[PDB]
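Below is one structure, written out as structure tokens; comments come after it.
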Amino acid sequence: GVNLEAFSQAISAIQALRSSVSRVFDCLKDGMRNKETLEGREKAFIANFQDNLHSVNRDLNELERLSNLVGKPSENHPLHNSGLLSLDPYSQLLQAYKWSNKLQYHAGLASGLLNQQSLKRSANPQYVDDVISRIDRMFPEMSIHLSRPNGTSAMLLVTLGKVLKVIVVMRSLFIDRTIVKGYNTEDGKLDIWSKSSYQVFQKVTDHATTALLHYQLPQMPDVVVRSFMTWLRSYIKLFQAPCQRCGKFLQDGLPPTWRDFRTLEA
Amino acid sequence: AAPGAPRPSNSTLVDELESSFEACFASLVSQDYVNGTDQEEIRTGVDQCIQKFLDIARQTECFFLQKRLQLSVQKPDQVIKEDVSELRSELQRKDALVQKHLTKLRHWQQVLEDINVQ
Amino acid sequence: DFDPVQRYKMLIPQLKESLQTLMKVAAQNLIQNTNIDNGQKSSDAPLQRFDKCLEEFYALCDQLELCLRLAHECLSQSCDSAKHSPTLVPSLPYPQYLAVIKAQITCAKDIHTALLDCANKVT
Amino acid sequence: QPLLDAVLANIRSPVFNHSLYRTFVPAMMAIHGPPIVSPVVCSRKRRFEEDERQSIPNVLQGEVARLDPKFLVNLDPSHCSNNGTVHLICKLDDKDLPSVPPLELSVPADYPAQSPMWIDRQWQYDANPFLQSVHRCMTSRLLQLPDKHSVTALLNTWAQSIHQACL
Amino acid sequence: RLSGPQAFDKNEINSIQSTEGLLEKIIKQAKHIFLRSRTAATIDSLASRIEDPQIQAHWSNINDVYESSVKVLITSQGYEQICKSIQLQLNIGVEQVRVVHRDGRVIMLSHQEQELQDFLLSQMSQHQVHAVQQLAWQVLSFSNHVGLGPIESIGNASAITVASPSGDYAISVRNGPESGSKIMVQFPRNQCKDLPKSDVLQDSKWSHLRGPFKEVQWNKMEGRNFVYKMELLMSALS
Amino acid sequence: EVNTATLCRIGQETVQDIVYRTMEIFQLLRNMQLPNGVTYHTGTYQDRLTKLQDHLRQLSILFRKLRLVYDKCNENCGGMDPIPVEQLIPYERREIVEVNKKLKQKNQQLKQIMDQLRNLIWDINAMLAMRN
């Protein structure tokens with residue numbers, strides 16, 4: 001359902017075609033103003049004609065989009081407009097929808113902008129952890145499960161597609177002390193402090209510790225864990241390395257900027 | 001012709017902040033027909049809602065800090081009294097935390113003494 | 001009684017043909033006027049108006065823009081309400097749907113009124 | 001594709017420009033109906049006067065502005081109205097030992113060249129032992145600057161050489 | 001027998017059994033004395049750096065047999081938004097700690113190597129003045145590591161370099177490993193010393209530039225924990 | 001009782017608090033879906049409404065207190081008539097000393113207690129780990 005963008009682009013293209021025709025026929029109403037060496041108006045004429053051709057081509061290309069207009073006559077919208085004439089004395093519902101959309105977008109933008117708040121300083125619950133863990137596990141290809149073997153510590157474990165599972169410990173909040181290990185583990189009947197790797201997942205554990213020390217927000221730990229999980233999800237490909245080659249070293253990954261590249265290059 | 005040499009401005013920095021705050025909300029509240037379209041306009045609205053607000057907030061903060069400077073250079077006794085009060089409050093808070101920790105420790109000691117009957 | 005996409009697909013090639021004929025009639029009228037105003041009489045033949053062509057081209061452009069605007073508004077108002085309720089029409093009864101819509105409108109209006117009153121009382 | 005209008009407007013070489021008006025303006029005035037499409041009033045005598053008639057090449061002024069408070073330049077009896085525009089007396093007043101000021105007469109401030117003048121080399125540098133060593137390394141260092149610049153580059157090179165040969 | 005199906009080359013063939021006895025107790029005692037020494041060093045650095053931004057450490061509950069976990073943040077006095085440097089080091093038994101400051105800067109220390117803490121304190125004061133300028137004004141991001149040498153850099157390269165213009169003025173600072181860490185200079189635009197020789201010839205007399213240094217002379221100033229740089233930055237415009 | 005320095009500190013804290021409450025109410029309005037969306041008829045809706053009402057009421061209180069403290073500070077203009085401190089920067093006590101000494105002694109005792117506390121924590125967490 002991305003037809004709204006195509007429709008907006010088509011509207012803009014038609015408006016551009018109209019404006020280009022208007023500009024062409026307004027400039028053609030004026031000869032060479034002042035050349036004194038050679039009539040350079042032919043260049044502007046050719047540019048305007050090429051712009052008209054560009055707009056026509058853009059309209060023809062947008063014609064390829066907009067596959068079909070589905071049925072479902074406004075998707076349960078007609079209840080009093082197309083329904084009983086008593087019911088529609090109706091615009092209140094549409095006004096409420098538009099106002100809610102505008103309020104949501106405006107509040108989102110305002111929050112994203114005021115994220116850099118001028119807060120000087122801060123001066124003058126083992127039930128929601130399972131819920132937050134389940135809400136985070138609701139994401140695809142991120143099957144996790146917490147064990148809590150010793151005390152209130154949430155010694156959970158994650159695994160995305162590979163056998164590179166990560167035993168990320170927690171403290172009922174602001175989870176820290178993570179250790180990544182690939183291709184087998186859980187010795188005995190619990191987690192471990194092995195951290196064994198092939199000199200590659202050691203860098204991954206270092207980056208994960210840096211991230212855990214990086215996302216330390218003053219409040220809202222649920223958003224912190226969600227950001228941590230969507231940051232960790234970027235390790236599902238490992239098939240990119242800008243600013244260098246793919247194999248500059250043995251390993252290649254550091255995406256704090258949502259673009260993983262070769263290490264020792266940041 | 002304000003962009004010229006003169007620039008009238010008076011009775012601001014408090015009511016001006018309040019006015020900006022209550023005014024850049026008008027994009028949300030209005031006894032008008034909310035149009036059935038919204039794109040790249042609420043953004044440029046909230047931009048100037050937030051920027052001028054933060055600017056006037058920082059202006060007020062700088063005014064408060066300048067007042068603090070003039071007060072410290074004109075009357076350090078108030079700063080000394082405030083420091084003494086803060087130290088007293090910190091001492092009281094530390095004593096309360098220590099008392100709570102001692103109560104919890106004694107409770108746990110009694111719990112262990114009652115549980116180690118074996 | 002066709003779909004807006006069908007009207008768009010049937011209007012675009014007529015639009016292109018109208019643009020081509022517009023350019024042709026403009027060129028013919030211009031060359032006729034020049035030959036009749038600069039050189040010798042050569043274009044002694046009745047030419048078109050060039051206005052009855054541009055008016056029709058603008059009409060086609062405007063009608064296509066209106067059709068696409070109607071389709072966009074329809075899809076937009078159908079998308080936002082589809083994510084606010086299930087489908088039930090000849091999974092839910094109609095009176096319950098009407099009551100839920102009325103309660104939703106009332107709650108949104110109440111939230112807006114409370115926020116406006118508080119913002120007005122703030123200053 | 002509709003190159004008819006293009007080729008006709010290209011063919012329309014003659015000087016008489018009234019056919020386009022009579023051919024297009026009626027249609028546009030019929031469809032678009034602005035009595036004043038540009039109602040703004042424009043009556044402009046643009047240039048009244050623009051000259052300070054006291055300015056030396058502005059490019060040099062930028063460098064004399066960018067100078068550190070340690071340096072200070074001036075003007076001697078000046079053959080520097082507009083072309084040479086400079087032969088200054090820059091005393092390197094700083095923390096370390098002072099020296100003799102050079103002339104540094106530069107070319108037009110567009111600077112497809114450098115300053116170095118080396119006027120008082122004769123008696124000033126030969127007289128003193130330290131000043132003699134000052135000139136020595138400083139010449140070799142100035143023979144290295146690729147397209148040196150008048151005030152900042154040459155003055156900083158002079159100060160650096162003066163406080164380096166000082167050892 | 002698990003080596004049959006899952007044929008491990010040399011990992012499980014060696015991990016199936018290992019030595020024990022006295023080596024384990026020795027490693028445990030080494031870890032104990034290492035943790036004690038690290039804690040004592042942190043406590044001593046806290047008791048010494050009083051006026052400096054007080055260091056803030058935080059231990060962990062999960063202390064394993066050999067390895068453990070320690071967390072620490074700078075957390076300058078009365079400023080939670082100035083936590084620009086917070087590292088988490090683990091103090092293993094048969095080796096040294098492996099700290100990572102913020103940006104994956106993993107390093108390995110020694111028995112009595114604590115100058116890293118001092119260098120981090122210096123650059124954390126630098127980042128603190130940077131952030132407090134970016135909050136209150138027009139501070140660019142040229143707070144580099146160290147450049148060209150203010151004091152010859154004694155104390156493991158600790159030499160701050162940052163500046164920020166609020167309005168027409170501009171303020172720059174350079175802190176280091178106690179070797180002139182209180183170096184702050186603020187150069188205004190207009191002053192007494194000048195040279196009207198080639199300046200008067202310049203049209204629109206240039207009083208906008210800012211030449212004279214006019215060092216701040218950080219003596220008896222109201223700097224409580226060096227986090228009061230904004231308390232001086234406020235002297236920009238009434 | 002002047003307490004003018006604490007007045008300015010409270011004013012700055014109130015400014016920061018107004019900014020933070022604006023950010024909080026905007027973050028709350030961000031995730032405010034339609035009332036009759038799926039299941040939450042009024043419970044979550046009424047809860048969010050009450051939270052927003054409390055936010056806005058406390059914000060009005062903050063603005064009132066800010067106006068009050070600004071008026072008090074502007075009215076407290078006394079002494080140092082020029083006040084060139086913004087451009088003139090350089091370019092009783094026994095009770096404070098006794099309080100500092102007492103605070104240092106209390107902090108020393110606190111560190112002495114914390115040493116044994118962390119020692120016991122390490123001992124327990126390391127001994128229960130060698131189990132089995």
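Labels for the structure tokens follow display order: chains A, B, ..., residues from 1 in each chain, ligands from 1.
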All helix (DSSP H, G or I) residues (DSSP, backbone) inside stretch 27-71 of chain C, as a PDB file with C-alpha atoms, in the first residue's frame:
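Just written: selection.pdb:
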```pdb
ATOM      1  CA  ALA C  27       4.004  26.327 -35.294  1.00  0.00           C
ATOM      2  CA  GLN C  28       1.617  26.650 -38.245  1.00  0.00           C
ATOM      3  CA  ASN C  29      -0.019  29.819 -36.919  1.00  0.00           C
ATOM      4  CA  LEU C  30       3.374  31.335 -36.118  1.00  0.00           C
ATOM      5  CA  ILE C  31       4.865  30.607 -39.545  1.00  0.00           C
ATOM      6  CA  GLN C  32       1.718  31.936 -41.223  1.00  0.00           C
ATOM      7  CA  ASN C  33       1.819  35.145 -39.181  1.00  0.00           C
ATOM      8  CA  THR C  34       5.519  35.613 -39.943  1.00  0.00           C
ATOM      9  CA  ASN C  35       5.093  35.024 -43.681  1.00  0.00           C
ATOM     10  CA  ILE C  36       2.153  37.460 -43.650  1.00  0.00           C
ATOM     11  CA  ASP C  37       4.018  40.079 -41.587  1.00  0.00           C
ATOM     12  CA  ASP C  51      -6.804  28.773 -28.761  1.00  0.00           C
ATOM     13  CA  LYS C  52      -9.507  26.127 -29.152  1.00  0.00           C
ATOM     14  CA  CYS C  53      -6.556  23.715 -28.936  1.00  0.00           C
ATOM     15  CA  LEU C  54      -4.755  25.088 -25.880  1.00  0.00           C
ATOM     16  CA  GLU C  55      -8.037  25.448 -23.991  1.00  0.00           C
ATOM     17  CA  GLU C  56      -8.855  21.788 -24.644  1.00  0.00           C
ATOM     18  CA  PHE C  57      -5.338  20.736 -23.647  1.00  0.00           C
ATOM     19  CA  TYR C  58      -5.651  22.649 -20.371  1.00  0.00           C
ATOM     20  CA  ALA C  59      -9.072  21.070 -19.840  1.00  0.00           C
ATOM     21  CA  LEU C  60      -7.639  17.575 -20.308  1.00  0.00           C
ATOM     22  CA  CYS C  61      -4.748  18.342 -17.955  1.00  0.00           C
ATOM     23  CA  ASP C  62      -7.121  19.698 -15.306  1.00  0.00           C
ATOM     24  CA  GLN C  63      -9.500  16.749 -15.615  1.00  0.00           C
ATOM     25  CA  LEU C  64      -6.641  14.265 -15.265  1.00  0.00           C
ATOM     26  CA  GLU C  65      -5.344  16.169 -12.233  1.00  0.00           C
ATOM     27  CA  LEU C  66      -8.830  16.100 -10.710  1.00  0.00           C
ATOM     28  CA  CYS C  67      -9.220  12.361 -11.325  1.00  0.00           C
ATOM     29  CA  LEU C  68      -5.853  11.641  -9.714  1.00  0.00           C
ATOM     30  CA  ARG C  69      -6.681  13.941  -6.785  1.00  0.00           C
ATOM     31  CA  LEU C  70      -9.975  12.117  -6.234  1.00  0.00           C
ATOM     32  CA  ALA C  71      -8.200   8.755  -6.344  1.00  0.00           C
TER      33      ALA C  71
END
```
### Task
Up to 10 Å from chain F, what residues of chain B turn up? Count only C-alpha atoms and give them as a VMD selection string.
chain B and resid 13 to 15 18 21 53 to 54 57 to 58 60 to 85 87 to 88 90 to 91 94 to 95 98
### Task
Write down, as number ranges by chain, each residue of chain A that has any atom within 12 Å of an atom of chain B, counting only C-alpha atoms.
A: 4-5, 8, 91-120, 123-124
Rows by chain and residue number, chain F within 7 Å of chain E, shortest pair, only C-alpha atoms, as JSON lines:
```
{"residue": "F:86", "atom": "CA", "partner": "E:235", "partner_atom": "CA", "distance": 4.2}
{"residue": "F:87", "atom": "CA", "partner": "E:235", "partner_atom": "CA", "distance": 6.5}
{"residue": "F:90", "atom": "CA", "partner": "E:217", "partner_atom": "CA", "distance": 6.4}
{"residue": "F:91", "atom": "CA", "partner": "E:216", "partner_atom": "CA", "distance": 4.4}
{"residue": "F:122", "atom": "CA", "partner": "E:63", "partner_atom": "CA", "distance": 6.6}
{"residue": "F:125", "atom": "CA", "partner": "E:63", "partner_atom": "CA", "distance": 5.9}
{"residue": "F:126", "atom": "CA", "partner": "E:63", "partner_atom": "CA", "distance": 5.9}
{"residue": "F:129", "atom": "CA", "partner": "E:64", "partner_atom": "CA", "distance": 6.7}
```
Keeping N, CA, C and O atoms, export the residues of the selection given above as an mmCIF file, in the first residue's frame.
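Result file is out.cif:
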```cif
data_model
loop_
_atom_site.group_PDB
_atom_site.id
_atom_site.type_symbol
_atom_site.label_atom_id
_atom_site.label_comp_id
_atom_site.auth_asym_id
_atom_site.auth_seq_id
_atom_site.Cartn_x
_atom_site.Cartn_y
_atom_site.Cartn_z
ATOM 1 N N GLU F 86 29.425 40.851 33.862
ATOM 2 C CA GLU F 86 29.386 40.227 32.546
ATOM 3 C C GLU F 86 30.516 40.715 31.648
ATOM 4 O O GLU F 86 30.775 40.102 30.607
ATOM 5 N N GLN F 87 31.189 41.806 32.025
ATOM 6 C CA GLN F 87 32.321 42.305 31.255
ATOM 7 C C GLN F 87 33.476 42.738 32.153
ATOM 8 O O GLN F 87 34.411 43.391 31.672
ATOM 9 N N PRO F 90 37.831 38.599 35.823
ATOM 10 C CA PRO F 90 39.297 38.692 35.769
ATOM 11 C C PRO F 90 39.824 38.220 34.423
ATOM 12 O O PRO F 90 39.431 37.164 33.922
ATOM 13 N N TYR F 91 40.709 39.019 33.835
ATOM 14 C CA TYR F 91 41.291 38.704 32.534
ATOM 15 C C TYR F 91 42.567 39.503 32.302
ATOM 16 O O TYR F 91 42.542 40.555 31.664
ATOM 17 N N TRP F 122 31.348 -9.575 47.233
ATOM 18 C CA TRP F 122 32.275 -10.392 46.458
ATOM 19 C C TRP F 122 32.379 -11.798 47.026
ATOM 20 O O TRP F 122 32.343 -12.780 46.277
ATOM 21 N N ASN F 125 29.075 -13.753 46.268
ATOM 22 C CA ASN F 125 28.892 -14.000 44.843
ATOM 23 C C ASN F 125 29.961 -14.915 44.269
ATOM 24 O O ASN F 125 29.727 -15.542 43.232
ATOM 25 N N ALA F 126 31.123 -15.004 44.911
ATOM 26 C CA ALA F 126 32.181 -15.878 44.431
ATOM 27 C C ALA F 126 32.133 -17.256 45.070
ATOM 28 O O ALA F 126 32.577 -18.232 44.456
ATOM 29 N N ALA F 129 29.164 -19.265 43.593
ATOM 30 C CA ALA F 129 29.415 -19.591 42.194
ATOM 31 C C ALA F 129 30.186 -20.894 42.038
ATOM 32 O O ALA F 129 30.018 -21.591 41.032
#
```
### Filtered DSSP result for stretch 15-162 of chain A, state strand (DSSP E or B), as a list in words
residues 144, 145, 157 and 158 of chain A
Same residues, N, CA, C and O atoms, saved as a JSON list (two decimals), in the first residue's frame:
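New file again.json:
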```json
[["chain", "number", "residue", "atom", "x", "y", "z"],
["A", 144, "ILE", "N", 14.47, -15.00, 21.31],
["A", 144, "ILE", "CA", 15.21, -14.94, 22.56],
["A", 144, "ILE", "C", 14.38, -15.59, 23.66],
["A", 144, "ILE", "O", 13.18, -15.84, 23.50],
["A", 145, "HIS", "N", 15.03, -15.86, 24.79],
["A", 145, "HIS", "CA", 14.36, -16.39, 25.96],
["A", 145, "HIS", "C", 15.23, -16.19, 27.20],
["A", 145, "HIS", "O", 16.43, -16.48, 27.18],
["A", 157, "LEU", "N", 19.34, -14.81, 26.53],
["A", 157, "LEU", "CA", 20.18, -15.24, 25.43],
["A", 157, "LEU", "C", 19.45, -14.96, 24.12],
["A", 157, "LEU", "O", 18.24, -15.19, 24.01],
["A", 158, "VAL", "N", 20.20, -14.48, 23.13],
["A", 158, "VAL", "CA", 19.64, -14.11, 21.84],
["A", 158, "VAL", "C", 20.34, -14.93, 20.76],
["A", 158, "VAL", "O", 21.45, -15.41, 20.93]]
```
#### Entry: Spatial neighbours of stretch 221-225 of chain A, 9 Å, only C-alpha atoms, chain gap at least 6 places, as a VMD selection string
chain A and resid 129 132 to 133 136 173 to 175 215
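Put simply, atom CA of residue E:230 is 15.1 Å away from atom CA of residue E:80.
Shortest atom-to-atom contact with residue D:102 among D:62, D:116, D:69, D:129: D:116, counting only C-alpha atoms.
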### Query
Please, which residues of chain D lie no more than 10 Å from chain E when the count uses only C-alpha atoms, and can they be set out as a ChimeraX atom specification?
/D:51-62,64-70,72-75,86,88
Show me, as CSV, the residues of chain C having an atom within 10 Å of chain F, each with the closest atom pair and its distance in Å, using only C-alpha atoms.
```
residue,atom,partner,partner_atom,distance
C:83,CA,F:37,CA,8.2
C:84,CA,F:37,CA,5.4
C:85,CA,F:37,CA,6.8
C:86,CA,F:38,CA,9.0
C:100,CA,F:36,CA,6.5
C:101,CA,F:36,CA,7.8
C:102,CA,F:36,CA,9.8
C:103,CA,F:36,CA,7.6
C:104,CA,F:35,CA,5.8
C:105,CA,F:35,CA,8.9
C:106,CA,F:35,CA,9.7
C:107,CA,F:35,CA,6.8
C:108,CA,F:35,CA,7.6
C:110,CA,F:49,CA,9.8
C:111,CA,F:49,CA,7.5
C:114,CA,F:53,CA,8.2
C:115,CA,F:56,CA,8.4
C:118,CA,F:56,CA,6.8
C:119,CA,F:56,CA,8.3
C:121,CA,F:60,CA,8.0
C:122,CA,F:60,CA,5.6
C:123,CA,F:60,CA,8.7
```
List as CSV every residue of chain E that is in contact with chain A, defined as an atom at most 6 Å from one of its atoms (using only C-alpha atoms), together with the nearest atom pair and the distance in Å rounded to one decimal, sorted by chain and then rising number.
```
residue,atom,partner,partner_atom,distance
E:79,CA,A:121,CA,4.6
E:80,CA,A:121,CA,4.7
E:102,CA,A:210,CA,5.6
E:104,CA,A:207,CA,5.7
```
Store the residues of this selection in a file with C-alpha atoms, as a PDB file, in the first residue's frame.
```pdb
ATOM      1  CA  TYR E  79      25.907  17.345  35.849  1.00  0.00           C
ATOM      2  CA  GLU E  80      24.187  14.206  34.568  1.00  0.00           C
ATOM      3  CA  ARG E 102      33.574   4.757  24.932  1.00  0.00           C
ATOM      4  CA  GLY E 104      35.701   0.622  21.235  1.00  0.00           C
TER       5      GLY E 104
END
```
Return as a CSV table (one decimal) with N, CA, C and O atoms, in the first residue's frame the residues belonging to chain A that are within 8 Å of chain D, counting only C-alpha atoms.
```csv
chain,number,residue,atom,x,y,z
A,25,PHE,N,5.2,29.1,-23.0
A,25,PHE,CA,4.4,30.0,-23.8
A,25,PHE,C,4.5,31.4,-23.2
A,25,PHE,O,4.0,32.4,-23.9
A,28,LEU,N,8.1,32.4,-24.8
A,28,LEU,CA,8.0,32.6,-26.2
A,28,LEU,C,7.3,33.9,-26.5
A,28,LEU,O,7.4,34.4,-27.6
A,29,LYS,N,6.5,34.5,-25.6
A,29,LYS,CA,5.9,35.8,-25.7
A,29,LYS,C,6.9,36.9,-25.6
A,29,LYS,O,6.5,38.1,-25.7
A,30,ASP,N,8.2,36.6,-25.4
A,30,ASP,CA,9.2,37.7,-25.3
A,30,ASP,C,10.4,37.3,-26.1
A,30,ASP,O,11.0,36.2,-25.9
A,31,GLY,N,10.8,38.1,-27.1
A,31,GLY,CA,12.0,37.9,-27.9
A,31,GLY,C,13.3,38.1,-27.1
A,31,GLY,O,13.3,38.2,-25.9
A,42,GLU,N,17.8,31.2,-27.8
A,42,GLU,CA,17.6,29.8,-28.3
A,42,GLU,C,18.0,28.8,-27.2
A,42,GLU,O,17.3,27.7,-27.2
A,45,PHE,N,15.1,28.6,-24.9
A,45,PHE,CA,14.0,27.9,-25.6
A,45,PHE,C,14.2,26.4,-25.6
A,45,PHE,O,13.3,25.6,-25.3
A,46,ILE,N,15.4,26.0,-25.9
A,46,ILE,CA,15.7,24.5,-25.9
A,46,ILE,C,15.6,23.9,-24.5
A,46,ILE,O,15.2,22.8,-24.4
A,49,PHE,N,12.0,23.5,-23.7
A,49,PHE,CA,11.4,22.4,-24.4
A,49,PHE,C,11.9,21.1,-23.9
A,49,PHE,O,11.1,20.1,-23.7
```
### Query
chain F residues within 6 Å of chain A, counting only C-alpha atoms: which ones, as number ranges by chain?
F: 16, 26-27, 29-30
### Task
Determine the nearest neighbour of chain B from the options C:98, C:74, C:82, C:26, counting only C-alpha atoms.
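The answer is C:74, which sits nearest to chain B.
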### Task
Find the residue from E:192, E:22, E:159, E:30 that sits nearest to residue E:121; use only C-alpha atoms when measuring.
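Of E:192, E:22, E:159, E:30, the one nearest residue E:121 is E:159, counting only C-alpha atoms.
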#### Entry: For residue C:6: contacts at 10 Å, only C-alpha atoms, fewer than 5 positions along chain excluded, given as an MDAnalysis selection string
(chainID A and resid 68:69) or (chainID C and resid 1 11)
